>>> print(open('run.tsv').read())   # TSV, C-alpha atoms (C1' of nucleotides) and all ligand atoms
chain	number	residue	atom	x	y	z
A	9	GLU	CA	17.51	13.12	19.58
A	10	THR	CA	16.82	13.09	15.78
A	11	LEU	CA	17.21	17.01	15.49
A	12	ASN	CA	15.39	18.03	12.30
A	13	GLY	CA	12.27	16.32	13.49
A	14	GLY	CA	9.74	18.94	14.52
A	15	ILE	CA	10.35	20.53	11.29
A	16	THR	CA	9.86	17.38	9.30
A	17	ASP	CA	6.79	16.59	11.29
A	18	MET	CA	5.46	19.99	10.58
A	19	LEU	CA	6.41	19.48	6.98
A	20	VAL	CA	4.48	16.42	6.24
A	21	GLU	CA	1.20	17.60	7.83
A	22	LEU	CA	1.29	20.19	5.25
A	23	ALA	CA	1.61	17.72	2.61
A	24	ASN	CA	-1.26	15.64	3.36
A	25	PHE	CA	-3.49	18.55	3.80
A	26	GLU	CA	-2.36	19.78	0.44
A	27	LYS	CA	-2.75	16.23	-0.61
A	28	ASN	CA	-6.02	15.76	0.96
A	29	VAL	CA	-7.34	19.21	1.78
A	30	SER	CA	-6.60	20.17	-1.78
A	31	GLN	CA	-5.55	18.08	-4.59
A	32	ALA	CA	-2.24	19.89	-4.73
A	33	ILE	CA	-0.47	16.69	-5.48
A	34	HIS	CA	2.48	18.67	-6.62
A	35	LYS	CA	2.72	20.68	-3.39
A	36	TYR	CA	2.25	17.44	-1.46
A	37	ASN	CA	4.85	15.66	-3.48
A	38	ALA	CA	7.33	18.38	-2.87
A	39	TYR	CA	6.38	18.66	0.80
A	40	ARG	CA	6.95	15.01	1.36
A	41	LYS	CA	10.21	14.98	-0.50
A	42	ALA	CA	11.15	18.03	1.39
A	43	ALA	CA	10.41	16.30	4.58
A	44	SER	CA	12.73	13.56	3.49
A	45	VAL	CA	15.78	15.44	2.47
A	46	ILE	CA	15.66	17.45	5.77
A	47	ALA	CA	15.85	14.29	7.79
A	48	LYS	CA	18.73	12.77	5.84
A	49	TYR	CA	20.70	15.96	6.78
A	50	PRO	CA	23.07	15.90	9.77
A	51	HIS	CA	23.16	19.30	11.44
A	52	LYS	CA	20.94	21.45	13.65
A	53	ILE	CA	18.93	23.40	11.14
A	54	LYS	CA	18.99	26.67	12.73
A	55	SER	CA	18.61	29.12	9.98
A	56	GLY	CA	15.66	28.11	7.85
A	57	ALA	CA	17.80	29.51	5.09
A	58	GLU	CA	20.49	27.05	5.75
A	59	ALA	CA	17.82	24.67	4.71
A	60	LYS	CA	17.07	26.56	1.68
A	61	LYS	CA	20.59	25.63	0.65
A	62	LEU	CA	19.47	22.17	0.74
A	63	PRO	CA	18.18	20.93	-2.50
A	64	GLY	CA	14.60	20.39	-3.30
A	65	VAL	CA	13.37	22.45	-0.48
A	66	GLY	CA	12.46	25.80	-1.79
A	67	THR	CA	11.61	29.29	-0.86
A	68	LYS	CA	8.12	28.84	0.50
A	69	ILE	CA	9.06	25.68	2.19
A	70	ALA	CA	11.84	27.61	3.41
A	71	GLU	CA	9.50	30.18	4.88
A	72	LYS	CA	7.25	27.77	6.84
A	73	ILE	CA	10.43	26.63	8.41
A	74	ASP	CA	11.51	29.72	10.25
A	75	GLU	CA	7.82	30.41	11.22
A	76	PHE	CA	8.13	27.22	13.03
A	77	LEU	CA	11.68	28.06	14.07
A	78	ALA	CA	10.60	31.28	15.77
A	79	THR	CA	7.50	29.92	17.44
A	80	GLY	CA	6.27	26.35	17.44
A	81	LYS	CA	3.57	27.00	14.80
A	82	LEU	CA	2.35	28.03	11.45
A	83	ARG	CA	-1.07	29.52	11.55
A	84	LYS	CA	-1.70	27.90	8.09
A	85	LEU	CA	-0.87	24.88	10.02
A	86	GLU	CA	-3.15	25.98	12.80
A	87	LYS	CA	-6.02	26.45	10.47
A	88	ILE	CA	-6.27	22.65	10.34
A	89	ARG	CA	-6.77	22.42	14.04
A	90	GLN	CA	-9.27	25.29	13.32
A	91	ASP	CA	-11.27	24.97	9.97
A	92	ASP	CA	-14.02	22.34	10.40
A	93	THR	CA	-14.24	21.33	6.77
A	94	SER	CA	-10.70	20.01	6.48
A	95	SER	CA	-10.52	18.58	9.93
A	96	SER	CA	-13.51	16.75	8.86
A	97	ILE	CA	-12.02	15.44	5.65
A	98	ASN	CA	-9.12	13.83	7.45
A	99	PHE	CA	-11.40	11.63	9.34
A	100	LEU	CA	-13.06	10.12	6.46
A	101	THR	CA	-9.78	9.28	5.04
A	102	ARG	CA	-9.27	7.34	8.10
A	103	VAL	CA	-11.83	5.13	6.46
A	104	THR	CA	-10.75	2.21	4.45
A	105	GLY	CA	-12.09	2.68	1.01
A	106	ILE	CA	-12.94	6.32	1.27
A	107	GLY	CA	-10.41	8.36	-0.37
A	108	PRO	CA	-10.56	12.12	-0.66
A	109	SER	CA	-12.88	12.60	-3.71
A	110	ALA	CA	-15.57	10.55	-2.17
A	111	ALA	CA	-14.55	12.02	1.11
A	112	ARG	CA	-15.19	15.55	0.03
A	113	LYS	CA	-18.64	14.74	-1.40
A	114	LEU	CA	-19.35	13.25	1.80
A	115	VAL	CA	-18.63	16.31	3.58
A	116	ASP	CA	-20.36	18.31	0.84
A	117	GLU	CA	-23.53	16.74	1.98
A	118	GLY	CA	-22.70	17.58	5.51
A	119	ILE	CA	-21.70	14.04	6.24
A	120	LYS	CA	-19.00	14.60	8.76
A	121	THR	CA	-18.81	12.14	11.53
A	122	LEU	CA	-18.37	8.47	11.92
A	123	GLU	CA	-21.81	8.61	13.27
A	124	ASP	CA	-22.95	10.68	10.35
A	125	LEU	CA	-21.55	8.04	8.12
A	126	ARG	CA	-23.72	5.53	9.61
A	127	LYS	CA	-26.87	7.66	9.57
A	128	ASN	CA	-27.20	7.59	5.74
A	129	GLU	CA	-24.75	4.94	4.80
A	130	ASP	CA	-27.06	4.53	1.86
A	131	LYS	CA	-24.70	6.68	-0.12
A	132	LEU	CA	-21.74	4.49	0.17
A	133	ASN	CA	-20.36	1.98	-1.97
A	134	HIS	CA	-20.03	-1.47	-0.65
A	135	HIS	CA	-16.28	-1.27	-0.10
A	136	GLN	CA	-16.96	1.73	1.95
A	137	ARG	CA	-19.93	-0.02	3.56
A	138	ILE	CA	-17.61	-2.56	4.83
A	139	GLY	CA	-15.11	-0.06	6.16
A	140	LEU	CA	-17.75	1.67	8.24
A	141	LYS	CA	-18.95	-1.65	9.34
A	142	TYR	CA	-15.53	-2.56	10.57
A	143	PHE	CA	-13.95	0.82	11.26
A	144	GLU	CA	-13.01	0.32	14.91
A	145	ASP	CA	-10.98	-2.88	14.37
A	146	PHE	CA	-8.90	-1.49	11.57
A	147	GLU	CA	-7.24	0.79	13.93
A	148	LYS	CA	-5.79	-1.99	15.96
A	149	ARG	CA	-2.74	-3.60	14.49
A	150	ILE	CA	-2.19	-7.28	14.16
A	151	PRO	CA	0.28	-8.71	16.66
A	152	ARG	CA	2.94	-11.12	15.36
A	153	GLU	CA	1.54	-13.95	17.41
A	154	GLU	CA	-1.73	-13.96	15.60
A	155	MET	CA	0.03	-13.26	12.28
A	156	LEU	CA	1.87	-16.41	12.85
A	157	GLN	CA	-1.33	-18.25	13.61
A	158	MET	CA	-3.15	-16.90	10.69
A	159	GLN	CA	-0.19	-17.81	8.59
A	160	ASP	CA	-0.60	-21.41	9.52
A	161	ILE	CA	-4.26	-21.43	9.02
A	162	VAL	CA	-3.62	-20.36	5.60
A	163	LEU	CA	-0.81	-22.71	4.77
A	164	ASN	CA	-2.92	-25.64	5.67
A	165	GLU	CA	-6.04	-25.51	3.58
A	166	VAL	CA	-3.88	-24.07	0.95
A	167	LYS	CA	-1.71	-27.06	0.46
A	168	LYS	CA	-4.62	-29.25	1.37
A	169	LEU	CA	-6.26	-28.34	-1.92
A	170	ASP	CA	-3.12	-28.78	-3.81
A	171	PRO	CA	0.25	-29.24	-2.27
A	172	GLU	CA	1.81	-27.10	-5.03
A	173	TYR	CA	0.75	-23.72	-3.72
A	174	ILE	CA	3.47	-21.48	-2.48
A	175	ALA	CA	2.43	-19.36	0.27
A	176	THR	CA	4.33	-16.63	1.79
A	177	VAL	CA	3.13	-13.86	3.91
A	178	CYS	CA	5.12	-10.85	3.23
A	179	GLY	CA	5.16	-7.11	3.60
A	180	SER	CA	5.65	-6.14	7.26
A	181	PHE	CA	6.12	-9.79	8.18
A	182	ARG	CA	9.26	-10.32	6.13
A	183	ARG	CA	10.46	-7.11	7.75
A	184	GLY	CA	10.13	-8.66	11.16
A	185	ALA	CA	7.56	-6.06	12.31
A	186	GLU	CA	6.56	-6.77	15.93
A	187	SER	CA	3.14	-5.71	14.80
A	188	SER	CA	1.86	-5.69	11.28
A	189	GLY	CA	-1.16	-4.11	9.58
A	190	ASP	CA	-2.58	-6.84	7.57
A	191	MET	CA	-2.01	-10.11	6.02
A	192	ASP	CA	0.06	-9.58	3.04
A	193	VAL	CA	0.18	-13.01	1.43
A	194	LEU	CA	2.01	-14.01	-1.70
A	195	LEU	CA	1.06	-16.99	-3.80
A	196	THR	CA	2.21	-19.47	-6.44
A	197	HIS	CA	1.82	-22.89	-8.21
A	198	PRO	CA	4.08	-24.87	-10.65
A	199	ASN	CA	2.10	-24.53	-13.91
A	200	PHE	CA	1.23	-20.82	-13.88
A	201	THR	CA	3.39	-18.37	-15.91
A	202	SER	CA	3.77	-15.84	-18.61
A	203	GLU	CA	3.07	-18.72	-20.95
A	204	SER	CA	0.08	-20.47	-19.20
A	205	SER	CA	-2.04	-17.36	-18.77
A	206	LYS	CA	-5.38	-18.14	-17.16
A	207	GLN	CA	-6.04	-20.44	-14.14
A	208	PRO	CA	-6.95	-17.46	-11.79
A	209	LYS	CA	-9.41	-19.82	-10.14
A	210	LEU	CA	-6.54	-21.23	-8.16
A	211	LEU	CA	-6.74	-17.87	-6.44
A	212	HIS	CA	-10.49	-18.34	-6.39
A	213	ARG	CA	-10.06	-21.69	-4.69
A	214	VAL	CA	-8.08	-20.84	-1.57
A	215	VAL	CA	-10.41	-18.06	-0.72
A	216	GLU	CA	-13.15	-20.33	-1.78
A	217	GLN	CA	-12.25	-22.76	0.72
A	218	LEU	CA	-11.02	-19.97	3.09
A	219	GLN	CA	-14.44	-18.53	3.04
A	220	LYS	CA	-16.08	-21.98	3.40
A	221	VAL	CA	-13.95	-22.92	6.37
A	222	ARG	CA	-14.98	-19.64	8.10
A	223	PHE	CA	-11.94	-17.48	7.65
A	224	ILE	CA	-12.27	-14.75	5.26
A	225	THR	CA	-15.43	-13.29	6.24
A	226	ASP	CA	-15.60	-10.38	3.87
A	227	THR	CA	-14.60	-9.82	0.29
A	228	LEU	CA	-13.38	-6.56	-1.08
A	229	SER	CA	-12.20	-7.67	-4.46
A	230	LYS	CA	-12.17	-10.98	-6.29
A	231	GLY	CA	-9.91	-10.10	-9.25
A	232	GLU	CA	-8.05	-12.62	-11.25
A	233	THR	CA	-4.55	-11.90	-9.80
A	234	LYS	CA	-5.54	-10.38	-6.56
A	235	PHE	CA	-7.86	-10.50	-3.55
A	236	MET	CA	-8.48	-8.10	-0.78
A	237	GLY	CA	-10.36	-9.10	2.15
A	238	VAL	CA	-11.25	-9.53	5.68
A	239	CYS	CA	-10.95	-12.25	7.99
A	240	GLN	CA	-10.61	-12.94	11.51
A	241	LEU	CA	-9.70	-15.61	13.93
A	242	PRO	CA	-11.94	-18.31	15.21
A	243	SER	CA	-12.98	-18.08	18.85
A	244	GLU	CA	-14.40	-19.26	22.14
A	245	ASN	CA	-16.86	-16.68	23.18
A	249	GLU	CA	-13.68	-12.47	20.40
A	250	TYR	CA	-10.90	-10.95	18.08
A	251	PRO	CA	-10.67	-8.37	15.34
A	252	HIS	CA	-11.41	-8.89	11.76
A	253	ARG	CA	-8.27	-8.34	9.89
A	254	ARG	CA	-7.56	-6.99	6.51
A	255	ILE	CA	-6.23	-9.43	4.22
A	256	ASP	CA	-4.89	-9.79	0.92
A	257	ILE	CA	-3.57	-12.40	-1.36
A	258	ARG	CA	-2.05	-12.17	-4.67
A	259	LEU	CA	-1.13	-14.77	-7.10
A	260	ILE	CA	1.78	-14.73	-9.61
A	261	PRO	CA	3.20	-16.59	-12.53
A	262	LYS	CA	5.69	-18.58	-10.63
A	263	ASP	CA	8.31	-17.78	-13.18
A	264	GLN	CA	8.47	-14.29	-11.84
A	265	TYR	CA	8.22	-15.21	-8.14
A	266	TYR	CA	11.24	-13.15	-7.36
A	267	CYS	CA	9.65	-9.62	-8.06
A	268	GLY	CA	6.90	-11.29	-6.33
A	269	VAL	CA	8.66	-11.32	-3.06
A	270	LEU	CA	10.39	-8.12	-3.77
A	271	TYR	CA	7.30	-5.90	-4.20
A	272	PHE	CA	5.12	-7.57	-1.61
A	273	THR	CA	7.89	-7.10	0.71
A	274	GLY	CA	9.81	-4.02	-0.10
A	275	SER	CA	8.46	-1.12	2.01
A	276	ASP	CA	6.79	1.40	-0.16
A	277	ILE	CA	9.51	3.83	-0.47
A	278	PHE	CA	11.94	1.02	-0.80
A	279	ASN	CA	10.43	-0.38	-3.95
A	280	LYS	CA	10.19	3.02	-5.42
A	281	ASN	CA	13.85	3.91	-4.74
A	282	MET	CA	14.85	0.81	-6.45
A	283	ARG	CA	12.30	1.12	-9.22
A	284	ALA	CA	13.56	4.61	-9.31
A	285	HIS	CA	17.23	3.78	-9.31
A	286	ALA	CA	16.40	1.26	-12.03
A	287	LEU	CA	15.13	3.63	-14.63
A	288	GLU	CA	18.30	5.58	-14.06
A	289	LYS	CA	20.27	2.35	-14.63
A	290	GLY	CA	18.36	1.34	-17.87
A	291	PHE	CA	15.51	-0.82	-16.35
A	292	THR	CA	12.06	-0.73	-14.99
A	293	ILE	CA	11.13	-3.20	-12.50
A	294	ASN	CA	7.88	-4.59	-11.77
A	295	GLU	CA	6.24	-7.13	-9.51
A	296	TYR	CA	6.57	-9.25	-12.52
A	297	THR	CA	9.88	-8.62	-14.16
A	298	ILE	CA	12.88	-6.39	-14.65
A	299	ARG	CA	13.74	-5.34	-18.15
A	300	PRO	CA	16.32	-3.26	-19.92
A	301	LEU	CA	15.19	0.08	-21.04
A	302	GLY	CA	16.27	-0.22	-24.64
A	303	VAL	CA	17.35	3.48	-24.77
A	304	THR	CA	14.77	4.23	-27.51
A	305	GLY	CA	12.21	3.69	-24.59
A	306	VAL	CA	11.23	-0.01	-24.93
A	307	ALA	CA	11.10	-2.34	-21.95
A	308	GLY	CA	13.18	-5.41	-22.86
A	309	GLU	CA	12.66	-9.16	-22.73
A	310	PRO	CA	12.67	-10.26	-19.13
A	311	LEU	CA	15.70	-10.58	-17.07
A	312	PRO	CA	16.90	-13.80	-15.58
A	313	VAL	CA	15.92	-13.77	-11.85
A	314	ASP	CA	17.01	-16.80	-9.69
A	315	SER	CA	16.83	-14.70	-6.48
A	316	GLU	CA	16.26	-11.14	-5.15
A	317	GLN	CA	19.96	-10.80	-5.33
A	318	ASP	CA	19.94	-10.81	-9.08
A	319	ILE	CA	17.73	-7.87	-9.07
A	320	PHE	CA	19.78	-5.54	-6.83
A	321	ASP	CA	22.73	-6.90	-8.55
A	322	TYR	CA	21.37	-5.91	-11.91
A	323	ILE	CA	20.72	-2.58	-10.45
A	324	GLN	CA	24.24	-2.45	-9.14
A	325	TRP	CA	22.61	-2.13	-5.77
A	326	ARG	CA	23.75	-4.09	-2.72
A	327	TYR	CA	21.22	-6.63	-1.66
A	328	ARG	CA	19.41	-5.61	1.43
A	329	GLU	CA	18.03	-8.24	3.67
A	330	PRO	CA	14.31	-7.72	4.44
A	331	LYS	CA	14.40	-6.52	8.03
A	332	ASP	CA	16.59	-3.77	6.80
A	333	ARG	CA	14.24	-2.79	3.89
A	334	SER	CA	12.44	0.15	5.75
A	335	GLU	CA	13.80	2.98	3.52
B	1	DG	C1'	7.17	3.52	-9.11
B	2	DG	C1'	4.31	0.45	-11.05
B	3	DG	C1'	-0.20	-2.08	-11.83
B	4	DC	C1'	-5.28	-4.32	-10.34
B	5	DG	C1'	-10.00	-4.21	-9.81
B	6	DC	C1'	-14.28	-1.14	-8.58
B	7	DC	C1'	-17.78	1.60	-10.69
B	8	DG	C1'	-20.12	5.15	-12.34
C	1	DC	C1'	-13.53	4.09	-20.88
C	2	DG	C1'	-11.29	7.34	-17.44
C	3	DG	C1'	-10.84	8.07	-12.66
C	4	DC	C1'	-10.86	6.07	-8.00
C	5	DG	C1'	-8.66	3.92	-3.93
C	6	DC	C1'	-5.50	0.31	-2.87
C	7	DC	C1'	-1.32	-2.55	-3.29
D	401	LIG	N1	2.03	1.40	-3.67
D	401	LIG	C1	2.55	0.30	-3.11
D	401	LIG	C2	1.87	-0.33	-2.07
D	401	LIG	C3	2.41	-1.46	-1.51
D	401	LIG	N2	3.62	-1.87	-2.05
D	401	LIG	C4	3.97	-3.17	-1.65
D	401	LIG	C5	5.02	-3.20	-0.54
D	401	LIG	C6	4.40	-4.12	0.52
D	401	LIG	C7	2.93	-4.18	0.18
D	401	LIG	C8	2.04	-3.32	0.98
D	401	LIG	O1	1.92	-3.84	2.21
D	401	LIG	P1	1.27	-3.02	3.39
D	401	LIG	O2	0.54	-4.00	4.24
D	401	LIG	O3	0.64	-1.78	2.94
D	401	LIG	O4	2.50	-2.68	4.01
D	401	LIG	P2	3.06	-3.39	5.13
D	401	LIG	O5	4.44	-2.92	5.30
D	401	LIG	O6	2.71	-4.86	4.98
D	401	LIG	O7	2.16	-2.73	6.16
D	401	LIG	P3	1.21	-3.39	7.17
D	401	LIG	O8	1.74	-3.16	8.54
D	401	LIG	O9	-0.10	-2.53	6.90
D	401	LIG	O10	1.00	-4.79	6.66
D	401	LIG	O11	2.84	-3.83	-1.21
D	401	LIG	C9	4.26	-1.27	-3.05
D	401	LIG	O12	5.35	-1.73	-3.44
D	401	LIG	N3	3.72	-0.16	-3.58
D	402	MG	MG	-8.83	5.93	3.37
>>> encode(input="run.tsv", output="structure tokens")
Amino acid sequence: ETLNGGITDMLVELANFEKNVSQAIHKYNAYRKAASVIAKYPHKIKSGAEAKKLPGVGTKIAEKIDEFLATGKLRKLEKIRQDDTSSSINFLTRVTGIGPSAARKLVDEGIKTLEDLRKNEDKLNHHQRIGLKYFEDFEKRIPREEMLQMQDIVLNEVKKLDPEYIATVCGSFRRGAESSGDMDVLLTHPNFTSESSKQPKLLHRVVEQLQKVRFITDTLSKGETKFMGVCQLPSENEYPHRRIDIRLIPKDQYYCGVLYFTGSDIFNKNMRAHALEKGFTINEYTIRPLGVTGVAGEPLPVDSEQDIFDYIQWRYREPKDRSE
DNA sequence: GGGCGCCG
DNA sequence: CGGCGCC
């Protein structure tokens, strides 16, 4: 099935390499986009030119296409499976924390294995230190069952501190993903707003106790409106440490709150995208009119997600659908 | 597409 | 402070 696949597949690879292997954001942007548009198309893309017809995709993209069309490969593409350097780079990116810049440097010092990484860890930054530490786990996804469990675990101590703490795990969860990547938890409490501005400690508390109780083990960031971290389940003799994150909002904006944290990357963007077009710019905070002159306006009334899409003249989508 | 928190 | 890597 799904016809224009191979090609798309092929397409993206390119992008990341250009993304990663080079900065070439621009090429990567295009590439990605190009991958997209090709997939949304409904016919067997025979002639790579046919494709060319198709908007966005251009001449060189166009080229890579037929190469593939003739024979299942692009040497450029093969180079990756060939050139050490780059193959190396990709790995590192597999590491949480280590993004390309740092990744390069790491190779630039011949650091080019997981093992290597260990060997002179000394060069890493903590965040990275932790990644390496945990590496293995991070590959394995979190199964819904646990996710549920975890969820609870949270809910408890949360409310225990103060009843008035809204907790809501979102992201993949809201999208009914049989397996999710990490705990994406939203948070709120009745006094906090655009007009209270402070109290971040509330955030600080949950974790505080979360840490105390023996949940979050590790701490990647303890910012005032956000927290990234690691945790893991309790045992009887073991399970993987899971990434975790919590974010707290000014209750008054709760709605963008669910929106963003849920969304699905692309999803949010589309919207956010559509929005600008429609005279607004959304945020995980608010939606405001783009007062033509440029100016983001005074926050829009948001009693539910609905309002948003509505505002945007877009049909509401219910979470599990959200994927695009 | 938008913004948060690390750090050098 | 960019500039990173993540969300
Ligand atoms: N640049 C970004 C990154 C994330 N998001 C939002 C959407 C959901 C959340 C990111 O959650 P992830 O955990 O990355 O996504 P997920 O779908 O929850 O994936 P996972 O299976 O890893 O939890 O933040 C966003 O709008 N823009
Ligand atoms: Mg990485």
>>> interface_residues(input="run.tsv", of="chain B", to="chain A", cutoff="7 Å", atoms="only C-alpha atoms (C1' of nucleotides)", output="PyMOL selection string")
chain B and resi 1-2+5
>>> residues_near_point(input="run.tsv", point="(17.7, 24.8, 16.9)", cutoff="8 Å", atoms="only C-alpha atoms (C1' of nucleotides)", output="JSON, numbers by chain")
{"A": [11, 52, 53, 54, 77]}
>>> residues_near_ligand(input="run.tsv", ligand="ligand LIG 401 (chain D)", cutoff="6 Å", atoms="all atoms listed in the file", output="JSON, numbers by chain")
{"A": [179, 180, 188, 189, 190, 192, 271, 272, 273, 274, 275, 276, 279], "C": [7]}
>>> residues_near_ligand(input="run.tsv", ligand="ligand MG 402 (chain D)", cutoff="10 Å", atoms="all atoms listed in the file", output="list in words")
residues 98, 99, 100, 101, 102, 103, 104, 105, 106, 107, 108, 110, 111, 136 and 139 of chain A; 5 and 6 of chain C
>>> write_last_selection(input="run.tsv", atoms="C-alpha atoms (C1' of nucleotides)", output="mmCIF file, in the frame of the given file")
data_model
loop_
_atom_site.group_PDB
_atom_site.id
_atom_site.type_symbol
_atom_site.label_atom_id
_atom_site.label_comp_id
_atom_site.auth_asym_id
_atom_site.auth_seq_id
_atom_site.Cartn_x
_atom_site.Cartn_y
_atom_site.Cartn_z
ATOM 1 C CA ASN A 98 -9.120 13.830 7.450
ATOM 2 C CA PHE A 99 -11.400 11.630 9.340
ATOM 3 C CA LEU A 100 -13.060 10.120 6.460
ATOM 4 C CA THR A 101 -9.780 9.280 5.040
ATOM 5 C CA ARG A 102 -9.270 7.340 8.100
ATOM 6 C CA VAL A 103 -11.830 5.130 6.460
ATOM 7 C CA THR A 104 -10.750 2.210 4.450
ATOM 8 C CA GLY A 105 -12.090 2.680 1.010
ATOM 9 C CA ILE A 106 -12.940 6.320 1.270
ATOM 10 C CA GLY A 107 -10.410 8.360 -0.370
ATOM 11 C CA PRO A 108 -10.560 12.120 -0.660
ATOM 12 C CA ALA A 110 -15.570 10.550 -2.170
ATOM 13 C CA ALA A 111 -14.550 12.020 1.110
ATOM 14 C CA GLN A 136 -16.960 1.730 1.950
ATOM 15 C CA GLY A 139 -15.110 -0.060 6.160
ATOM 16 C "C1'" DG C 5 -8.660 3.920 -3.930
ATOM 17 C "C1'" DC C 6 -5.500 0.310 -2.870
#
>>> atom_distance(input="run.tsv", atom1="CA of residue 61 in chain A", atom2="CA of residue 334 in chain A")
27.2 Å
